[PDB]
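The next block holds one structure in the form of structure tokens; read it before the comments.
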Amino acid sequence: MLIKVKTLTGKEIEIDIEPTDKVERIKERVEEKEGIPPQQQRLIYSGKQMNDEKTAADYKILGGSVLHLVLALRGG
Amino acid sequence: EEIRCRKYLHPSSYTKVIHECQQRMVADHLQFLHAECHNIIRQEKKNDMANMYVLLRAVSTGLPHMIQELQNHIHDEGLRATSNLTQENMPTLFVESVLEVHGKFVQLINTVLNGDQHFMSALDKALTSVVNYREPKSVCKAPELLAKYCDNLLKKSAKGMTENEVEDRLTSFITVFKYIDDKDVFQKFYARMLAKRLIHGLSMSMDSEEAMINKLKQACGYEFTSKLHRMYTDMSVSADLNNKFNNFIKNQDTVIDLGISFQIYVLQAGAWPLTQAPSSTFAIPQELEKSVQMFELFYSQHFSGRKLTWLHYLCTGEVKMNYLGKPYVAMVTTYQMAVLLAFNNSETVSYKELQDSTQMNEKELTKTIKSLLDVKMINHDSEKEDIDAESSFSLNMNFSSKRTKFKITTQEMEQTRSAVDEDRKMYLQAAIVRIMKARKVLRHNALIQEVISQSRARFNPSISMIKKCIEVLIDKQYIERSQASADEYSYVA
Amino acid sequence: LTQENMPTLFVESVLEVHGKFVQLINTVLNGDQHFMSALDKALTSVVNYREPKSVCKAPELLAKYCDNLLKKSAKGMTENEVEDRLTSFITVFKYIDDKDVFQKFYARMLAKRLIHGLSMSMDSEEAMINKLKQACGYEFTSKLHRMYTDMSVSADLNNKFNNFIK
Amino acid sequence: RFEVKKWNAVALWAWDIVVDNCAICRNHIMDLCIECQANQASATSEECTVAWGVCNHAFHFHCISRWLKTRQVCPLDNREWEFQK
Amino acid sequence: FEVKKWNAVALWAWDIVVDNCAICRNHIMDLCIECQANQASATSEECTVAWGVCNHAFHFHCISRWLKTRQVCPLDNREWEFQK
Ligand SMILES: [Zn+2]
Ligand SMILES: [Zn+2]
Ligand SMILES: [Zn+2]
Ligand SMILES: [Zn+2]
Ligand SMILES: [Zn+2]
Ligand SMILES: [Zn+2]
């Protein structure tokens, strides 16, 4: 499922991850289009940040939505 | 051997000794050199490719294998430089990458390899493969990317692109454009995004459009830019046409005032890709009836024997408000104006009632009403989520806009460009600090290559902003400069 | 130019001028796009030279040269050499600026070069049509290609007719 | 009172005594098909959309459908038919 | 005399379509509609096709009557120049 996560300037990120896809690498695909490496896009799932596997069903399994991500560096 | 044969021979043997020397020292070890062709070309051994070409040119069949190897290397470099790119900056990055490959390899051929014609033909045969390279079971991408590149370079953008610089950009763009396999598809796109770029006044200059047309009038036939040119000669004349119309207003027979500026854009029929309205029968609003019926007279006398077809889905009007306080003027199409016509005398307008004033079928009526309610200038009187044949509507008086001439979806180019350029700086912060986790110490000039290599599949970064953005990392206490070496950098983490 | 062999000599002359100067452009002047653009403008004016109140000879001359190269000739020109000439010929054909008349002449002398059998080889026309289709779009060689296609079918069409007699 | 100020209207002009026609039906291209003017005029009608292809020729959809029954090429230039504008 | 082989050529066109001098909207190979009237006085010899640079075919009478009051080809707005 394609995502419409907002960014630092109202951009979009295409996760292309289904609701059963874990957010451990789902944020990497969203940040692949934007440019950020996998373990740097500390995305906020409308109230919390995904940790470890973090299957997308935890974040209400929303389709697309708008996930404002943090630009937290040095997290690699 | 050249010096020796010059010293001790008659001139008639000045070319047979060197020929028979190469046939026992190069042409006899030809397979041994052709095995090293791969390593000499793929690694770009510039000092050694010159000796390679000098040795191989003398022998008979030495060159073709090196020609094939350079063609394969250019093919693989073109694929590597055009494998994965952003979906947002796809046109400009692709065109500049192809031009970069072409310029680099033509410099390499003309310096190292004496600019041999066969090597240039190999370069062209490889760039032809890489430019119109298509994924299996998919349509080729080169025509639409180059058409969008022309659009971006000719749009009224805020990149600070001067006329001379964009002329240079188009003259360099013809280099990649000549590699398109199907230019009749590129002209299908370029004549379509020249309709939008040039019927909305969106072209940055009506001379660069002519220059770009004339750069295809000579890169292809005249018939190629025969519809491209009949558009540009429809908008230049249309400026004269409006003046002639306002002078026909001054015929001094009766009072022929309209109440509308009516800045017409009469176009040719077959030239413009604008499909004549295949549906959506329309009734002209009572305010535009005078303008339509008198321009019909003017185009009947001053240009006899023509039949206007009156496209309505690219018209645009400026209508004021109905004294609702803080009046605004709306830039909407005529589709979004007849729905505001019966809306005037009656505040409560049913879906059935406007069929007697707008006369337009529900196919696009729902679309235009949805586009209105997206910004919400009109609202459903009932609670029905969709639009049915028995709907009702009235004014959303609570709606307000920050602009009197507020935009409707069909100086913002400066703000959008800065926001787009901000993501470039934002990614550059999100690229430097990864090296600090890799080696923790990098030089002033070496960090440029690491950042660019981190953004090869992305925008091409500016060298000045690399220094500018890395200074933002200093006062953020992320990284800092050591006083011993200005090139060496240290960071707190 | 010698009026008997004006096409080939003219094309060779303009081609060698382009080659010599493009060698001079980037071996000496670092090959700026400005200087290459100057070369392009200058050679465009050179090839499009016409006496006043007289039509330009360049489209007809290049059509004649390409017809001569593609003609079934007794000079024994091999297919590789003629293909190399055609690859180098486009460097001249690019500068015509009146290519809508060149196709009128090329199609006019491809009709003679197809019915009479004067073609060097049937697979050498595809080495020229595809070098103008790729260089000027498909709509340029939409009648050149439909003239060639009627040859790749006619013999087969004859094999669909003689059997029709049997 | 809603009042308009300016109208940036557009209009394609065509020669009055040069009429474009669907090359198969030989009727007016914006008008009905020959089968839509004889059989399905009363029954259904209002479905004779002008077909467009890579050939860039204007055809009635019913006419081009009847043409594509046994032969594929466009009936003005013998090109391949893709009906994709 | 007798013939062993003759190599005939033959242009082929669909009968559903026809090349038309669109000013008169009549057949290119047939007579123009203005010489269809008062045909007794007209010898029909001068009714030749007047091909222009546009690769367009028209009746000579129709295209000349067009050029008498207009200046462009009636299928595309290009300046008319006679070719053959
Ligand atoms: Zn039809
Ligand atoms: Zn029909
Ligand atoms: Zn056709
Ligand atoms: Zn006629
Ligand atoms: Zn006549
Ligand atoms: Zn014409």
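Numbering starts fresh at 1 for the residues of each chain in the structure tokens, the chains themselves are lettered A, B, ... in the order given, and ligands are numbered from 1 as they appear.
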
Nearby residues (only C-alpha atoms) at most 8 Å from residue 39 of chain A, same-chain spacing under 4 positions excluded, as a list in words: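 Once the nearby chain positions are removed, what remains is residues 28, 75 and 76 of chain A.
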
Prev. selection, C-alpha atoms, output as an mmCIF file, in the first residue's frame:
```
data_model
loop_
_atom_site.group_PDB
_atom_site.id
_atom_site.type_symbol
_atom_site.label_atom_id
_atom_site.label_comp_id
_atom_site.auth_asym_id
_atom_site.auth_seq_id
_atom_site.Cartn_x
_atom_site.Cartn_y
_atom_site.Cartn_z
ATOM 1 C CA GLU A 28 13.345 2.607 4.545
ATOM 2 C CA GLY A 75 20.803 7.071 14.468
ATOM 3 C CA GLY A 76 22.500 4.670 12.089
#
```

Contact residues around residue 118 of chain C with only C-alpha atoms at 8 Å, ignoring same-chain residues under 4 positions, as a ChimeraX atom specification: /C:71-72,112-114

Site check for ligand 5: residues at most 6 Å away, only C-alpha atoms and all ligand atoms, as JSON, numbers by chain: {"E": [32, 34, 35, 47, 61]}

Test item: chain B residues at most 8 Å from chain A, counting only C-alpha atoms, as a list in words: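 Going by the stated atoms only, the list reads residues 86, 87, 419, 420, 422, 423, 427, 430, 431, 433, 434, 437, 455 and 458 of chain B.
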
Quick one: residues within 8 Å of ligand 6, with only C-alpha atoms and all ligand atoms, as a CSV table (one decimal) with N, CA and C atoms, in the first residue's frame?
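File written: selection_26.csv
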```
chain,number,residue,atom,x,y,z
E,52,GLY,N,0.4,21.0,-54.3
E,52,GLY,CA,1.3,22.0,-53.6
E,52,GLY,C,2.4,21.3,-52.8
E,53,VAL,N,3.2,22.2,-52.2
E,53,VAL,CA,4.2,21.8,-51.3
E,53,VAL,C,3.7,21.1,-50.0
E,54,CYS,N,2.4,21.4,-49.7
E,54,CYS,CA,1.8,20.7,-48.5
E,54,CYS,C,1.5,19.2,-48.7
E,55,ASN,N,1.9,18.7,-49.8
E,55,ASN,CA,1.6,17.3,-50.2
E,55,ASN,C,0.1,17.1,-50.3
E,56,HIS,N,-0.6,18.1,-50.8
E,56,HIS,CA,-2.1,18.2,-50.9
E,56,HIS,C,-2.5,18.2,-52.3
E,72,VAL,N,-4.0,30.5,-48.6
E,72,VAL,CA,-3.5,29.4,-47.9
E,72,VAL,C,-4.2,28.1,-48.3
E,73,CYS,N,-3.5,27.0,-48.1
E,73,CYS,CA,-4.1,25.7,-48.3
E,73,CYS,C,-5.3,25.5,-47.5
E,74,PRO,N,-6.4,25.0,-48.0
E,74,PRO,CA,-7.7,24.8,-47.2
E,74,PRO,C,-7.7,23.6,-46.3
E,75,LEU,N,-6.6,22.9,-46.1
E,75,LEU,CA,-6.5,21.8,-45.1
E,75,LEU,C,-5.5,22.1,-44.0
E,76,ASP,N,-4.6,23.0,-44.3
E,76,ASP,CA,-3.6,23.5,-43.2
E,76,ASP,C,-3.2,24.9,-43.6
E,77,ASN,N,-3.1,25.7,-42.6
E,77,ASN,CA,-2.9,27.2,-42.8
E,77,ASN,C,-1.4,27.4,-43.1
E,78,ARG,N,-1.0,26.9,-44.3
E,78,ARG,CA,0.3,27.2,-44.8
E,78,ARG,C,0.2,27.9,-46.2
E,79,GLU,N,1.2,28.8,-46.4
E,79,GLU,CA,1.2,29.5,-47.7
E,79,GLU,C,1.3,28.6,-48.8
E,80,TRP,N,0.4,28.8,-49.8
E,80,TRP,CA,0.3,27.8,-50.9
E,80,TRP,C,1.4,28.1,-52.0
```

Chain D contacts on chain E, only C-alpha atoms, 7 Å, as a ChimeraX atom specification: /E:16-17,22-23,74

How would the residues just picked look written out with C-alpha atoms as a tab-separated table (two decimals), in the first residue's frame?
```
chain	number	residue	atom	x	y	z
E	16	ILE	CA	-14.38	3.03	-48.89
E	17	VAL	CA	-12.14	6.12	-48.95
E	22	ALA	CA	-11.99	19.34	-50.23
E	23	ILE	CA	-12.96	22.75	-51.63
E	74	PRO	CA	-7.68	24.83	-47.22
```

Contacts to ligand 2 at 7 Å cut-off (only C-alpha atoms and all ligand atoms) as a PyMOL selection string: chain D and resi 32-36+48+60-63

So that I have them on file, write out the residues from the current selection with N, CA and C atoms, as a PDB file, in the first residue's frame.
```
ATOM      1  N   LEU D  32     -23.352  11.917 -36.176  1.00  0.00           N
ATOM      2  CA  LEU D  32     -23.564  10.520 -35.837  1.00  0.00           C
ATOM      3  C   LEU D  32     -22.924   9.603 -36.878  1.00  0.00           C
ATOM      4  N   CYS D  33     -22.675   8.364 -36.461  1.00  0.00           N
ATOM      5  CA  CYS D  33     -22.183   7.335 -37.363  1.00  0.00           C
ATOM      6  C   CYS D  33     -23.250   6.955 -38.386  1.00  0.00           C
ATOM      7  N   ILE D  34     -22.802   6.318 -39.472  1.00  0.00           N
ATOM      8  CA  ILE D  34     -23.739   5.851 -40.491  1.00  0.00           C
ATOM      9  C   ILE D  34     -24.653   4.776 -39.915  1.00  0.00           C
ATOM     10  N   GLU D  35     -24.112   3.913 -39.053  1.00  0.00           N
ATOM     11  CA  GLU D  35     -24.951   2.970 -38.326  1.00  0.00           C
ATOM     12  C   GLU D  35     -25.723   3.655 -37.208  1.00  0.00           C
ATOM     13  N   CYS D  36     -25.174   4.732 -36.647  1.00  0.00           N
ATOM     14  CA  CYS D  36     -25.884   5.504 -35.637  1.00  0.00           C
ATOM     15  C   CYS D  36     -26.923   6.440 -36.233  1.00  0.00           C
ATOM     16  N   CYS D  48     -21.547   7.870 -30.154  1.00  0.00           N
ATOM     17  CA  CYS D  48     -20.661   7.893 -31.316  1.00  0.00           C
ATOM     18  C   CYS D  48     -19.485   8.837 -31.058  1.00  0.00           C
ATOM     19  N   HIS D  60     -15.304   7.715 -36.363  1.00  0.00           N
ATOM     20  CA  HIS D  60     -16.403   7.301 -35.507  1.00  0.00           C
ATOM     21  C   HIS D  60     -16.054   5.979 -34.841  1.00  0.00           C
ATOM     22  N   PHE D  61     -16.412   5.849 -33.561  1.00  0.00           N
ATOM     23  CA  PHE D  61     -16.086   4.626 -32.836  1.00  0.00           C
ATOM     24  C   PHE D  61     -16.797   3.423 -33.441  1.00  0.00           C
ATOM     25  N   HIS D  62     -18.058   3.594 -33.840  1.00  0.00           N
ATOM     26  CA  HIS D  62     -18.771   2.516 -34.516  1.00  0.00           C
ATOM     27  C   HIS D  62     -18.150   2.207 -35.875  1.00  0.00           C
ATOM     28  N   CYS D  63     -17.759   3.245 -36.622  1.00  0.00           N
ATOM     29  CA  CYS D  63     -17.125   3.031 -37.920  1.00  0.00           C
ATOM     30  C   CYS D  63     -15.794   2.305 -37.775  1.00  0.00           C
TER      31      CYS D  63
END
```

Neighbourhood of ligand 4 at 9 Å, counting only C-alpha atoms and all ligand atoms, reported as a PDB file with N, CA and C atoms, in the first residue's frame:
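Everything below was put into out15.pdb:
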```pdb
ATOM      1  N   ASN E  20     -10.118  13.549 -52.077  1.00  0.00           N
ATOM      2  CA  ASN E  20     -11.098  14.566 -52.424  1.00  0.00           C
ATOM      3  C   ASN E  20     -10.447  15.937 -52.473  1.00  0.00           C
ATOM      4  N   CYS E  21     -10.800  16.710 -53.495  1.00  0.00           N
ATOM      5  CA  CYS E  21     -10.515  18.140 -53.508  1.00  0.00           C
ATOM      6  C   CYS E  21     -11.503  18.796 -52.555  1.00  0.00           C
ATOM      7  N   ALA E  22     -11.067  19.019 -51.312  1.00  0.00           N
ATOM      8  CA  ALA E  22     -11.990  19.342 -50.229  1.00  0.00           C
ATOM      9  C   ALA E  22     -12.727  20.657 -50.442  1.00  0.00           C
ATOM     10  N   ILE E  23     -12.217  21.540 -51.303  1.00  0.00           N
ATOM     11  CA  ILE E  23     -12.957  22.754 -51.634  1.00  0.00           C
ATOM     12  C   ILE E  23     -14.268  22.404 -52.326  1.00  0.00           C
ATOM     13  N   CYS E  24     -14.221  21.473 -53.277  1.00  0.00           N
ATOM     14  CA  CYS E  24     -15.419  20.979 -53.939  1.00  0.00           C
ATOM     15  C   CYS E  24     -15.955  19.699 -53.314  1.00  0.00           C
ATOM     16  N   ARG E  25     -15.163  19.038 -52.464  1.00  0.00           N
ATOM     17  CA  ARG E  25     -15.546  17.798 -51.781  1.00  0.00           C
ATOM     18  C   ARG E  25     -15.950  16.701 -52.762  1.00  0.00           C
ATOM     19  N   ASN E  26     -15.396  16.734 -53.968  1.00  0.00           N
ATOM     20  CA  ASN E  26     -15.657  15.729 -54.985  1.00  0.00           C
ATOM     21  C   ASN E  26     -14.390  14.928 -55.256  1.00  0.00           C
ATOM     22  N   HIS E  27     -14.526  13.925 -56.120  1.00  0.00           N
ATOM     23  CA  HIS E  27     -13.429  13.003 -56.380  1.00  0.00           C
ATOM     24  C   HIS E  27     -12.269  13.713 -57.071  1.00  0.00           C
ATOM     25  N   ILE E  28     -11.051  13.389 -56.632  1.00  0.00           N
ATOM     26  CA  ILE E  28      -9.852  13.956 -57.247  1.00  0.00           C
ATOM     27  C   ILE E  28      -9.737  13.512 -58.700  1.00  0.00           C
ATOM     28  N   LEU E  31     -14.238  14.923 -62.214  1.00  0.00           N
ATOM     29  CA  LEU E  31     -14.276  16.338 -62.543  1.00  0.00           C
ATOM     30  C   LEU E  31     -14.708  17.156 -61.331  1.00  0.00           C
ATOM     31  N   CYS E  32     -14.198  18.382 -61.252  1.00  0.00           N
ATOM     32  CA  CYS E  32     -14.564  19.278 -60.164  1.00  0.00           C
ATOM     33  C   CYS E  32     -16.029  19.681 -60.274  1.00  0.00           C
ATOM     34  N   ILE E  33     -16.633  19.987 -59.121  1.00  0.00           N
ATOM     35  CA  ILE E  33     -18.070  20.231 -59.073  1.00  0.00           C
ATOM     36  C   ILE E  33     -18.468  21.505 -59.812  1.00  0.00           C
ATOM     37  N   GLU E  34     -17.554  22.462 -59.983  1.00  0.00           N
ATOM     38  CA  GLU E  34     -17.918  23.669 -60.717  1.00  0.00           C
ATOM     39  C   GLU E  34     -17.935  23.425 -62.221  1.00  0.00           C
ATOM     40  N   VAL E  49      -4.860  18.004 -61.516  1.00  0.00           N
ATOM     41  CA  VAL E  49      -4.608  18.140 -60.089  1.00  0.00           C
ATOM     42  C   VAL E  49      -3.430  19.080 -59.864  1.00  0.00           C
ATOM     43  N   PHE E  58      -5.586  19.048 -55.061  1.00  0.00           N
ATOM     44  CA  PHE E  58      -6.832  19.764 -55.289  1.00  0.00           C
ATOM     45  C   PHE E  58      -7.075  19.892 -56.783  1.00  0.00           C
ATOM     46  N   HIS E  59      -8.342  20.084 -57.140  1.00  0.00           N
ATOM     47  CA  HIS E  59      -8.673  20.482 -58.500  1.00  0.00           C
ATOM     48  C   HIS E  59      -8.083  21.858 -58.779  1.00  0.00           C
ATOM     49  N   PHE E  60      -7.549  22.037 -59.990  1.00  0.00           N
ATOM     50  CA  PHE E  60      -6.906  23.304 -60.330  1.00  0.00           C
ATOM     51  C   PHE E  60      -7.892  24.461 -60.250  1.00  0.00           C
ATOM     52  N   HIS E  61      -9.119  24.252 -60.732  1.00  0.00           N
ATOM     53  CA  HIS E  61     -10.132  25.299 -60.658  1.00  0.00           C
ATOM     54  C   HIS E  61     -10.455  25.647 -59.212  1.00  0.00           C
ATOM     55  N   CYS E  62     -10.628  24.629 -58.367  1.00  0.00           N
ATOM     56  CA  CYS E  62     -10.998  24.870 -56.976  1.00  0.00           C
ATOM     57  C   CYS E  62      -9.878  25.576 -56.221  1.00  0.00           C
ATOM     58  N   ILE E  63      -8.639  25.104 -56.378  1.00  0.00           N
ATOM     59  CA  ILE E  63      -7.534  25.715 -55.648  1.00  0.00           C
ATOM     60  C   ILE E  63      -7.241  27.113 -56.182  1.00  0.00           C
TER      61      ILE E  63
END
```

Within 12 Å of chain E, which residues belong to chain B? Use only C-alpha atoms and report them as an mmCIF file with C-alpha atoms, in the first residue's frame.
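The resulting file, iface.cif, is reproduced below:
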```
data_model
loop_
_atom_site.group_PDB
_atom_site.id
_atom_site.type_symbol
_atom_site.label_atom_id
_atom_site.label_comp_id
_atom_site.auth_asym_id
_atom_site.auth_seq_id
_atom_site.Cartn_x
_atom_site.Cartn_y
_atom_site.Cartn_z
ATOM 1 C CA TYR B 222 9.555 21.264 -41.039
ATOM 2 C CA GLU B 223 6.464 19.036 -40.999
ATOM 3 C CA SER B 226 4.161 22.199 -38.429
ATOM 4 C CA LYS B 227 1.585 21.979 -35.653
ATOM 5 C CA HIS B 229 4.526 26.390 -35.316
ATOM 6 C CA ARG B 230 0.852 26.877 -36.157
ATOM 7 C CA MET B 231 0.239 27.292 -32.418
ATOM 8 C CA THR B 233 1.618 31.736 -34.959
ATOM 9 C CA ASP B 234 -1.841 31.503 -33.406
ATOM 10 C CA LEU B 267 -6.773 28.994 -32.594
ATOM 11 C CA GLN B 268 -6.473 26.775 -35.650
ATOM 12 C CA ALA B 269 -8.512 23.583 -35.751
ATOM 13 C CA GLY B 270 -6.141 20.775 -36.703
ATOM 14 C CA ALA B 271 -2.950 22.257 -35.267
ATOM 15 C CA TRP B 272 -3.871 22.425 -31.589
ATOM 16 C CA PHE B 303 -12.215 36.664 -41.605
ATOM 17 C CA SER B 304 -14.857 35.350 -43.995
ATOM 18 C CA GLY B 305 -15.473 31.633 -44.379
ATOM 19 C CA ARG B 306 -14.512 30.325 -40.927
#
```

Given 10 Å and only C-alpha atoms and all ligand atoms, residues near ligand 3 as a ChimeraX atom specification: /D:23,53-59,73-81

Minimum-distance residue to ligand 1, chosen among D:11, D:64, D:5, D:82 (using only C-alpha atoms and all ligand atoms): D:64

Picked from chain D by DSSP as helix (DSSP H, G or I), as JSON, numbers by chain: {"D": [40, 41, 42, 43, 61, 62, 63, 64, 65, 66, 67]}

Selection near residue 65 of chain A, 10 Å with only C-alpha atoms, sequence-local residues under 2 positions removed, as a list in words: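 Neighbouring residues, sequence-local ones excluded: residues 2, 3, 4, 5, 6, 45, 46, 61, 62, 63, 67 and 68 of chain A.
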
Spatial neighbours of segment 60-68 of chain B, max dist 12 Å, only C-alpha atoms, sep filter under 2 positions, as an NGL selection string: :B and (19 or 22-23 or 26-42 or 49-50 or 52-58 or 70-75 or 109 or 113 or 116-126)

Expected answer as a ChimeraX atom specification: chain B residues within 8 Å of chain D, only C-alpha atoms: /B:259-269,278,287,305-312,314-323,340-341,344-345

Restrict the calculation to only C-alpha atoms, then for each residue of chain C with any atom at most 12 Å from an atom of chain E give the closest atom pair and their distance in Å to one decimal, rows by chain and rising residue number, as JSON lines.
```
{"residue": "C:100", "atom": "CA", "partner": "E:53", "partner_atom": "CA", "distance": 9.3}
{"residue": "C:101", "atom": "CA", "partner": "E:53", "partner_atom": "CA", "distance": 8.7}
{"residue": "C:103", "atom": "CA", "partner": "E:55", "partner_atom": "CA", "distance": 11.6}
{"residue": "C:104", "atom": "CA", "partner": "E:55", "partner_atom": "CA", "distance": 9.2}
{"residue": "C:111", "atom": "CA", "partner": "E:9", "partner_atom": "CA", "distance": 11.5}
{"residue": "C:114", "atom": "CA", "partner": "E:9", "partner_atom": "CA", "distance": 11.5}
{"residue": "C:115", "atom": "CA", "partner": "E:9", "partner_atom": "CA", "distance": 8.3}
{"residue": "C:116", "atom": "CA", "partner": "E:7", "partner_atom": "CA", "distance": 9.8}
{"residue": "C:117", "atom": "CA", "partner": "E:7", "partner_atom": "CA", "distance": 11.6}
{"residue": "C:143", "atom": "CA", "partner": "E:55", "partner_atom": "CA", "distance": 11.7}
{"residue": "C:147", "atom": "CA", "partner": "E:11", "partner_atom": "CA", "distance": 11.2}
{"residue": "C:150", "atom": "CA", "partner": "E:11", "partner_atom": "CA", "distance": 10.5}
{"residue": "C:151", "atom": "CA", "partner": "E:9", "partner_atom": "CA", "distance": 11.6}
{"residue": "C:154", "atom": "CA", "partner": "E:9", "partner_atom": "CA", "distance": 10.2}
{"residue": "C:155", "atom": "CA", "partner": "E:7", "partner_atom": "CA", "distance": 11.9}
{"residue": "C:158", "atom": "CA", "partner": "E:7", "partner_atom": "CA", "distance": 11.3}
```

Selected residues, C-alpha atoms, written as a PDB file, in the first residue's frame, please.
```
ATOM      1  CA  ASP C 100      10.917  18.445 -45.752  1.00  0.00           C
ATOM      2  CA  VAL C 101      12.143  18.772 -49.364  1.00  0.00           C
ATOM      3  CA  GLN C 103      12.343  13.538 -48.174  1.00  0.00           C
ATOM      4  CA  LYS C 104      10.356  14.667 -51.216  1.00  0.00           C
ATOM      5  CA  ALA C 111      10.591   4.965 -56.240  1.00  0.00           C
ATOM      6  CA  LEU C 114      12.938   0.118 -55.892  1.00  0.00           C
ATOM      7  CA  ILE C 115      10.809  -0.792 -58.918  1.00  0.00           C
ATOM      8  CA  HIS C 116      13.739  -1.044 -61.334  1.00  0.00           C
ATOM      9  CA  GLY C 117      15.757  -3.102 -58.845  1.00  0.00           C
ATOM     10  CA  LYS C 143       6.136   7.084 -46.751  1.00  0.00           C
ATOM     11  CA  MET C 147       7.589   2.209 -49.978  1.00  0.00           C
ATOM     12  CA  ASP C 150       5.740  -3.007 -50.307  1.00  0.00           C
ATOM     13  CA  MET C 151       8.980  -4.697 -51.442  1.00  0.00           C
ATOM     14  CA  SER C 154       5.507  -8.152 -53.047  1.00  0.00           C
ATOM     15  CA  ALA C 155       7.594 -11.271 -53.691  1.00  0.00           C
ATOM     16  CA  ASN C 158       3.606 -13.098 -55.731  1.00  0.00           C
TER      17      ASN C 158
END
```

Atomic separation - atom CA of residue 51 of chain D relative to atom CA of residue 277 of chain B, Å: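 That distance, rounded to one decimal, is 13.1 Å.
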
Shell around residue 394 of chain B at 7 Å using only C-alpha atoms, local window under 5 positions removed, as a PyMOL selection string: chain B and resi 347-349+378-379+381

Those residues you just picked out, can you put them in a file as a compact mmCIF listing (two decimals), in the first residue's frame with N, CA, C and O atoms?
```
# COMPACT_ATOMS: atom_id res chain seq x y z
N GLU B 347 -30.75 32.21 -4.36
CA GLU B 347 -29.74 31.70 -3.44
C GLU B 347 -29.83 30.18 -3.31
O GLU B 347 -28.80 29.50 -3.25
N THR B 348 -31.04 29.64 -3.29
CA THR B 348 -31.26 28.20 -3.26
C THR B 348 -31.44 27.73 -4.70
O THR B 348 -32.45 28.05 -5.33
N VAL B 349 -30.48 26.96 -5.21
CA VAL B 349 -30.50 26.50 -6.59
C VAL B 349 -30.52 24.98 -6.58
O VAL B 349 -29.63 24.34 -6.01
N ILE B 378 -19.29 26.61 -2.72
CA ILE B 378 -20.68 26.19 -2.76
C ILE B 378 -20.80 24.91 -1.95
O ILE B 378 -19.84 24.13 -1.85
N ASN B 379 -21.96 24.70 -1.34
CA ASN B 379 -22.16 23.57 -0.44
C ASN B 379 -23.51 22.92 -0.71
O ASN B 379 -24.45 23.58 -1.16
N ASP B 381 -27.01 21.82 -0.01
CA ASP B 381 -28.06 22.25 0.90
C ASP B 381 -28.58 21.07 1.72
O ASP B 381 -28.86 21.22 2.92
```

Secondary structure check, strand (DSSP E) residues of chain A, as a list in words: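 Of chain A, the ones in strand (DSSP E) are residues 42, 43, 69 and 70 of chain A.
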
Computed interatomic separation between atom CA of residue 472 of chain B and atom CA of residue 159 of chain B (Å): 23.5 Å
